[PDB]
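Below, each value reflects all heavy atoms present in this structure, side chains not excepted, and no hydrogens, waters or symmetry copies. Residue numbering restarts at 1 for every chain, and letters A, B, ... go by the order of the sequence lines.
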Amino acid sequence: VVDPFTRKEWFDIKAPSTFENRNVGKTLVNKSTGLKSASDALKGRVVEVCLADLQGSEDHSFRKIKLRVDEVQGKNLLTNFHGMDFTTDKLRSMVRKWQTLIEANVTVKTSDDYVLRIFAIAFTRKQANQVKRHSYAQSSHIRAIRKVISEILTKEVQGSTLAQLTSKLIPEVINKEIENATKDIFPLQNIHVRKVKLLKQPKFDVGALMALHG
Amino acid sequence: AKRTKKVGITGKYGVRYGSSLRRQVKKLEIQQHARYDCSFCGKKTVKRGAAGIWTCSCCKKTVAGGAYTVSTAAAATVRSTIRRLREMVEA
Amino acid sequence: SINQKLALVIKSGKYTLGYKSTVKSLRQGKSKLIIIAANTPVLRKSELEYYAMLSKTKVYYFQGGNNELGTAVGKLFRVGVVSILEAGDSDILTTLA
Amino acid sequence: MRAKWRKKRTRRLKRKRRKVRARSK
Amino acid sequence: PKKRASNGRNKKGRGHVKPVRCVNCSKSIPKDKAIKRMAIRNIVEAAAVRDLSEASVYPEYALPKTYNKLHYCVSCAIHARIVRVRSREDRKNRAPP
Amino acid sequence: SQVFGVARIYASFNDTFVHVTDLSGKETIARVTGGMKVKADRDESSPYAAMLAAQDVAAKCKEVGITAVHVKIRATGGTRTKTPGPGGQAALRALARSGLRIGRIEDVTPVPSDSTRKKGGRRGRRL
Amino acid sequence: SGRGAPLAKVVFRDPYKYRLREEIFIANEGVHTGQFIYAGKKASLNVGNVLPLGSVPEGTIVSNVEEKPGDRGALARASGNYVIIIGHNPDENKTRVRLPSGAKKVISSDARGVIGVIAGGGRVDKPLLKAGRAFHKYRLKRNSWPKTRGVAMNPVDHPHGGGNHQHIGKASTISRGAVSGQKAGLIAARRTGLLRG
RNA sequence: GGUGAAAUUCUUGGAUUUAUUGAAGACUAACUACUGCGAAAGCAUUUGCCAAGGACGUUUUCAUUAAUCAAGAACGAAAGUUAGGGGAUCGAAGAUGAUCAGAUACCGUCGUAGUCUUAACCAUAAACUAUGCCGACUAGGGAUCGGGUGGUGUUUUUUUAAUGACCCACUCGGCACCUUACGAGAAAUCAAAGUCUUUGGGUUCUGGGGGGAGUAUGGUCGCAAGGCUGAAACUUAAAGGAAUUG
Ligand SMILES: [Mg+2]
Ligand SMILES: [Mg+2]
Ligand SMILES: [Mg+2]
Ligand SMILES: [Mg+2]
Ligand SMILES: [Mg+2]
Ligand SMILES: [Mg+2]
Ligand SMILES: [Mg+2]
Ligand SMILES: [Mg+2]
Ligand SMILES: [Mg+2]
Ligand SMILES: [Mg+2]
Ligand SMILES: [Mg+2]
Ligand SMILES: [Mg+2]
Ligand SMILES: [Mg+2]
């Protein structure tokens with residue numbers, strides 16, 4: 001027999017506290033004996049959990065949140081935000097024929113030395129009492145919406161560290177800004193960010209992690 | 001008058017060495033004996049002294065270039081990638 | 001739009017071309033503006049900057065060699081530095097751009 | 001007999017036919 | 001003779017569209033000529049819904065459903081009995097059902 | 001309460017893969033395929049082989065600690081069929097039937113922005 | 001003479017005595033007379049400058065690279081040649097590099113290199129066209145030209161010599177362990193024949 | 001893995017499958033349409049730059065400057081050729097595995113050339129709408145793209161103004177469609193393929209039964225493959241088009 005389960009310790013998962021309860025679940029790895037101990041091996045791990053698990057309500061069923069573990073405080077794993085991305089069926093549900101799709105990306109820097117790329121997907125909307133049945137744009141409104149989005153998505157960042165970027169990401173306050181600024185150009189129905197991906201992580205800043213782990 | 005139809009400068013070679021070799025030599029010897037624009041003084045006065053040595057007959061400026069051209073394509077690419085690395089480190 | 005401003009000076013204002021006449025115009029204080037080509041040698045570029053610092057004359061840096069400067073003037077010869085002796089109908093002096 | 005293979009069989013025939021003529025000079 | 005005024009596809013004013021590949025056999029198809037079915041399937045079943053219901057946390061969580069746009073070639077569509085070959089009068093009809 | 005896993009069901013044709021992980025995906029728990037339970041090479045994608053696979057996953061899953069999973073149904077994807085195999089969906093029902101809990105059922109079949117020309121030739125595969 | 005690449009005579013100032021120090025560099029593409037060349041740890045990333053391999057970014061094109069810090073140039077010295085830099089190991093400082101032959105060497109981060117590519121590239125693209133241009137090329141290098149074939153010789157002069165037809169008569173792939181006087185042909189050859197799959 | 005089923009191939013030297021990180025090259029999904037632009041071939045991620053273009057508007061300007069075109073030219077999918085670079089996937093040649101009487105075919109696994117780029121060549125496609133271009137006139141309807149015009153019309157922008165989005169009614173230009181057969185056609189069908197024995201708006205190109213044969217020869221273009229121009233001898237009573245019935 002070999003049964004490498006017996007040499008495992010069953011650590012725990014803790015989210016950042018910029019959210020609701022952080023009892024995500026149980027990590028299962030190994031015993032941290034000599035010969036390439038597990039104290040350092042678990043440093044480079046990313047976990048995938050839905051946002052509605054970390055917020056309770058069922059309105060956030062999409063936009064699953066990735067958390068990157070940072071330290072092991074004995075029996076634990078302390079995680080920071082790693083990325084946000086929608087679930088697959090949510091893109092499929094919002095993508096429909098007879099509507100323009102507008103997408104925009106900027107690689108933007110926060111107040112911290114954070115380098116991370118943000119997207120934004122927009123779907124043109126049929127207005128009420130309309131008899132036209134495709135609601136396409138004019139291919140300059142697409143560049144007008146994209147230019148407005150790129151200005152909005154650059155002004156919300158370059159303050160807004162990831163400690164407070166997640167506090168604007170959850171309440172859809174970016175979507176409010178896009179609709180209140182683009183609605184003069186074209187009616188829109190599904191405004192979303194749909195993707196947060198982290199590119200370059202700076203120096204660790206152990207103090208900044210502790211703020212989100214009460 | 002047009003003295004030769006296609007051999008050009010390679011008419012010095014007569015009929016020997018093969019048409020393809022003379023033609024390959026023609027492309028590189030036209031570059032080798034051309035006159036290039038001086039990036040410094042702006043004049044078209046750069047002529048090869050030796051392979052890799054390009055000298056302006058005014059302003060007395062010598063640049064190290066290719067064997068038969070002032071600048072080779074792989075080296076402009078090298079110069080473009082060196083500078084792109086430089087601003088991002090300097091950023 | 002800067003070639004357009006420089007071209008209008010040629011047909012309406014007063015100018016001098018080259019270096020021996022630009023320095024001599026800086027020397028006697030009859031230069032409003034001098035434009036230096038991009039590939040002008042730095043030793044000549046720094047002496048023009050010093051001469052225009054003493055005479056209190058603005059300096060524009062053309063984004064082009066002596067070939068393009070002479071074309072922007074409307075000539076068919078390389079121009080290293082052009083000294084605007086008097087503006088024409090253009091706004092080249094008012095807008096340093 | 002596909003027309004495009006009549007074309008191909010003729011080109012092999014023509015390649016032979018000017019090969020033998022260049023020989024026969 | 002001509003079988004269809006829209007020869008076999010949907011192109012009048014292009015001269016070329018793009019090639020796409022058949023789901024069933026990977027055949028290169030003109031994108032306007034391919035038979036496009038919006039393949040709609042529920043995420044689980046018409047039967048296993050309750051079997052997942054008893055064993056699911058988050059009661060009636062989402063009940064999702066999978067989407068995918070499939071492209072069929074002409075031979076595979078007929079062999080898979082998708083387009084269901086029609087009469088001379090009835091083939092003019094373009095209605096989805 | 002419940003120890004969430006990730007089910008990560010991979011269902012191609014000729015075989016189905018029921019590979020459960022930890023909650024982070026990295027650590028493997030009880031990967032049993034439909035091909036190891038039967039020897040016919042024709043039903044290795046069938047519902048019964050995957051059912052035998054899914055049942056044997058739950059047995060190896062128990063006495064370990066995992067009691068709920070996250071379901072990630074997947075086909076080959078990329079430049080391939082993208083329609084999940086006949087064994088994949090039976091594996092989910094067989095997994096729930098064993099008693100283990102379910103949460104966040106999702107499809108994770110990869111979809112490209114079309115590239116890397118699909119195998120088969122311009123005339124396709126014709127038999 | 002004897003080298004395809006041009007040479008740059010670069011004059012420095014002696015830090016410890018009032019005199020000038022003339023160096024002999026292999027000129028890089030674009031380097032001109034009157035260019036200021038910078039050599040050191042903190043020198044700027046520009047063509048012609050001498051920087052340690054750890055001082056430059058990944059993807060940097062370098063030439064005249066040192067195998068060991070202080071041997072004054074070993075790698076990528078022929079005309080048109082260069083070294084690619086493909087990553088660092090700052091702990092126990094090494095640097096992975098790509099050599100002109102494609103070999104992937106690991107060199108210390110303190111080894112120096114000149115930024116850019118050796119000048120004179122494309123020299124071998126011209127056919128020499130005739131024996132006398134090979135005569136003058138090797139008049140300035142060494143006595144290696146012309147080359148009588150071994151099969152054209154007698155058995156006394158070569159392993160390939162002799163026979164009533166000109167032929168090698170035994171496998172021309174020779175083992176690495178074979179002694180001197182036997183290595184004539186394809187020494188230690190992994191494979192032979194035209195490179196084609 | 002792959003298959004109707006297998007074999008070949010890899011695998012306790014850990015395959016496949018699960019996670020993190022990258023590299024390389026190619027492509028631009030879903031949105032994407034009986035939609036757009038372009039002379040055609042063609043053209044679909046993002047922004048910046050450069051030059052161009054159609055339409056619409058005009059109570060601006062010139063005043064026949066035009067139409068079509070031998071000769072003569074520019075562009076011209078893919079494949080292919082030369083020399084570099086690139087060479088992920090796919091993949092003429094070839095290897096191997098099957099089935100089969102045989103398979104040097106289909107199916108399966110590899111895999112050189114190629115697929116990508118630059119500088120040149122080639123100049124061919126069912127390059128098709130198998131429908132030359134310019135001009136006039138002849139029938140009804142809706143939908144749509146772009147420009148414009150008019151509404152005491154809706155929609156949030158601050159409660160409503162402007163402008164943008166939408167609705168309605170017109171207009172022009174465009175890709176198209178639906179019905180009908182006035183008329184046409186051998187018919188299929190066609191708003192042109194109509195205004196043709198009641199035959200004539202201008203103009204260019206091409207065909208004269210089927211084969212031989214796009215062959216032979218000559219000339220010319222190309223490195224080559226080949227392109228363009230292009231017969232005759234001889235042979236033959238049909239070949240062929242559209243539709244009806246079986
Ligand atoms: Mg038929
Ligand atoms: Mg076509
Ligand atoms: Mg010899
Ligand atoms: Mg002898
Ligand atoms: Mg001997
Ligand atoms: Mg796209
Ligand atoms: Mg469009
Ligand atoms: Mg002609
Ligand atoms: Mg033709
Ligand atoms: Mg035709
Ligand atoms: Mg149109
Ligand atoms: Mg006749
Ligand atoms: Mg005839």
Residues [X] and [Y]: side-chain donor-acceptor under 3.5 angstrom:
X        : Y        : value
A:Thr87  : F:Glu106 : yes
B:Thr81  : B:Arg84  : yes
G:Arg123 : G:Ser79  : yes
C:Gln63  : C:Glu68  : no
A:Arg117 : A:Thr107 : yes

Are A:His134 and A:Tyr136 an aromatic pair, judged by ring center distance below 6.0 Å?
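Centroid separation for A:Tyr136 and A:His134: below 6.0 Å.
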Is it the case that the ring center of A:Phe123 lies less than 6.0 angstrom away from the ring center of A:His192?
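No, ring centres 6.0 Å or more apart.
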When you measure from the side-chain N and O atoms of [X] to the phosphate of [N], is any distance below 4.0 Å, counting only OP1 and OP2?
X        : N      : value
F:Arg123 : H:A92  : no
E:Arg9   : H:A126 : no
F:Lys26  : H:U18  : no
E:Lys18  : H:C43  : yes
E:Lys31  : H:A33  : yes

Pucker class of [N], from the sign of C1'-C2'-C3'-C4':
N      : answer
H:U9   : north
H:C228 : north
H:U159 : south
H:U32  : south

At under 4.0 Å between heavy atoms, how does the protein contact nucleotides 228-246 of chain H? Give one character per nucleotide, 5' to 3', with B, S or -.
--------------SSS--
Between P of H:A29 and CZ of F:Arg117, the distance in whole Å:
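The answer, rounded to whole Å, is 17 Å.
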Mind telling me whether H:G108 is syn or anti, cutoff 90° either side of 0?
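Anti conformation here, the glycosidic angle of H:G108 being more than 90° from 0.
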Would H:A242 be called syn or anti, given that syn covers angles within 90° of 0?
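What H:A242 shows is an anti base, its glycosidic angle lying more than 90° from 0.
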Just to be sure I understand the rule, does F:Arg8 reach a base, reach only the sugar-phosphate, or reach nothing, if contact means heavy atoms closer than 4.0 Å?
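Sugar-phosphate, no base atom in range.
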What's A:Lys147 touching, base or sugar-phosphate or nothing? Going by heavy atoms closer than 4.0 Å.
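Counting heavy atoms under 4.0 Å across all strands, no contact is made by A:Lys147.
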Please verify, for [N] and [M], whether Watson-Crick or G-U wobble pairing holds with both distances under 3.5 Å?
N      : M      : result
H:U18  : H:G22  : no
H:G97  : H:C107 : yes
H:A136 : H:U195 : yes

Using heavy-atom distances to pick each residue's nearest nucleotide on RNA chain H, tell me which of E:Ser6 and A:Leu199 is more 5'.
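So the residue in question is A:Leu199.
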In whole angstrom, give me the gap between the [atom1] atoms of [N] and [M].
N      : M      : atom1 : value
H:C90  : H:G111 : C1'   : 12 Å
H:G210 : H:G132 : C1'   : 29 Å
H:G246 : H:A237 : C1'   : 28 Å
H:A26  : H:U117 : P     : 8 Å
H:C134 : H:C178 : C1'   : 30 Å
H:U32  : H:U144 : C1'   : 16 Å
H:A30  : H:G185 : P     : 47 Å
H:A93  : H:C106 : P     : 8 Å

Please determine, for the side chain of [X], which listed nucleotide ([options]) has the closest atom?
X        : options              : value
E:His16  : H:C43, H:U18, H:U215 : H:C43
A:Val95  : H:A225, H:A30, H:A29 : H:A30
F:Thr116 : H:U89, H:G146, H:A33 : H:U89

Is it the case that more than 12 heavy atoms not belonging to G:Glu58 sit under 6.0 Å from its CD atom?
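Counting neighbours around CD of G:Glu58, 12 or fewer heavy atoms of other residues, nucleotides or ligands fall under 6.0 Å, so no.
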Within 45° of the ring axis of A:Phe86 and under 6.0 Å from its six-membered ring centre, is that where the NZ or CZ of A:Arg194 lies?
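Relative to the ring axis of A:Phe86, which defines the angle, A:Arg194 lies outside at least one limit.
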